[PDB]
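Participant: One structure coming up, written as structure tokens, with questions to follow.
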Amino acid sequence: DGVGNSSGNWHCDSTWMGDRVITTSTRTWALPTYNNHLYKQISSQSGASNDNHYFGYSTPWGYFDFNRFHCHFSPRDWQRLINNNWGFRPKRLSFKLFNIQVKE
Amino acid sequence: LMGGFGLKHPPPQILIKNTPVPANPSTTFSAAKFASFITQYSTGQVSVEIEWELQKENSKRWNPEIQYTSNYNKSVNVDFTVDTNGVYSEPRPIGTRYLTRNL
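These protein sequences, in sequence, are chains A and B. So that you can map any letter, position 13 of the first sequence is 13 in the numbering used here, and since no number is skipped, the others follow by simple counting. Going from the second sequence to the numbering used here is simple: count from 1 and add 104.
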């Protein structure tokens, strides 16, 4: 452990064991500071249409969404799964954040 | 008189200070103490955790009590929440006496 020792290794791979396929994907992210570190409520501007009114809060926090497929599957890995298989469901996932560096 | 728990041994005070760092002392010796320091400050998190003990409410009153309820009428700003500029505001003082025990 330390500033000099690296926390994690880049893993991007897809292995097809037999019944199960394990898809791994790694990316590099950058997180700004939102709202200058303070909550704010937000609401529909003046008025527009009865349907478009909204009320809610905007937090400084930010989040990861991998919810799309093509994150995990390369177009070729998609082609294998799609052509050779009737059905697929997920089983278990694992998430990892590493090599964080803060810049001022 | 203000309120709360009179204690003989209160939670002790926690005092904190930046250790002063001198700045560029002159080569030749002088006995007078340093009048000039690096200008610096420090920051970091603080975590306070208290364990409260409660007295469970056991009563037989038939009719319903009074409770503390945030009113359901629509308003520009919700109570106890940030405004559009981010300024957190407490709308009204909240006393602790609502449940009713017979005297």
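The beta-carbon is built from N, C-alpha and C at its ideal position, and this holds for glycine as well.
Could you check whether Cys-12(A) and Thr-24(A) sit closer than 9 Å to each other, using their CB atoms as the reference points?
Facilitator: yes
Participant: Along the chain, where does the beta strand (DSSP E) containing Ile-22(A) start, and where does it finish?
Facilitator: Start and end: 21-24.
Participant: Give the DSSP-derived three-state secondary structure of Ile-100(A) in the structure shown.
Facilitator: coil
Participant: Three Cβ pairs or more, each shorter than 8 Å: is that satisfied between the region 45-58 of chain A and the region 189-200 of chain B?
Facilitator: no
Participant: With respect to the alpha helix (DSSP H) encompassing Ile-82(A), which residues constitute its N-terminal and C-terminal limits?
Facilitator: 75-84
Participant: Quick one: what does DSSP say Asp-187(B) is sitting in, helix, strand or coil?
Facilitator: DSSP places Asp-187(B) in coil when its eight states are reduced to three.
Participant: Determine the DSSP secondary structure at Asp-1(A), reduced to helix, strand or coil.
Facilitator: coil
Participant: Could you tell me the alpha carbon to alpha carbon distance between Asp-183(B) and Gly-4(A), rounded to whole angstroms?
Facilitator: 48 Å
Participant: Name, please, each residue of chain B whose Cβ falls closer than 9 Å to the Cβ of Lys-40(A).
Facilitator: Within chain B, the residues whose beta carbon sits less than 9 Å from that of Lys-40(A) are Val-186, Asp-187, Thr-188, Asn-189, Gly-190, listed in sequence order.
Participant: What residues match up with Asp-13(A) in a beta bridge as DSSP calls it?
Facilitator: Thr-24(A)
Participant: I'd like to know if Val-150(B) contacts chain A, where contact means its C-beta is closer than 9 Å to some C-beta of that chain.
Facilitator: For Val-150(B), the answer is no, since every Cβ of chain A falls outside 9 Å of its Cβ.
Participant: Shorter than 9 Å from the beta carbon of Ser-43(A) to some beta carbon of chain B?
Facilitator: yes
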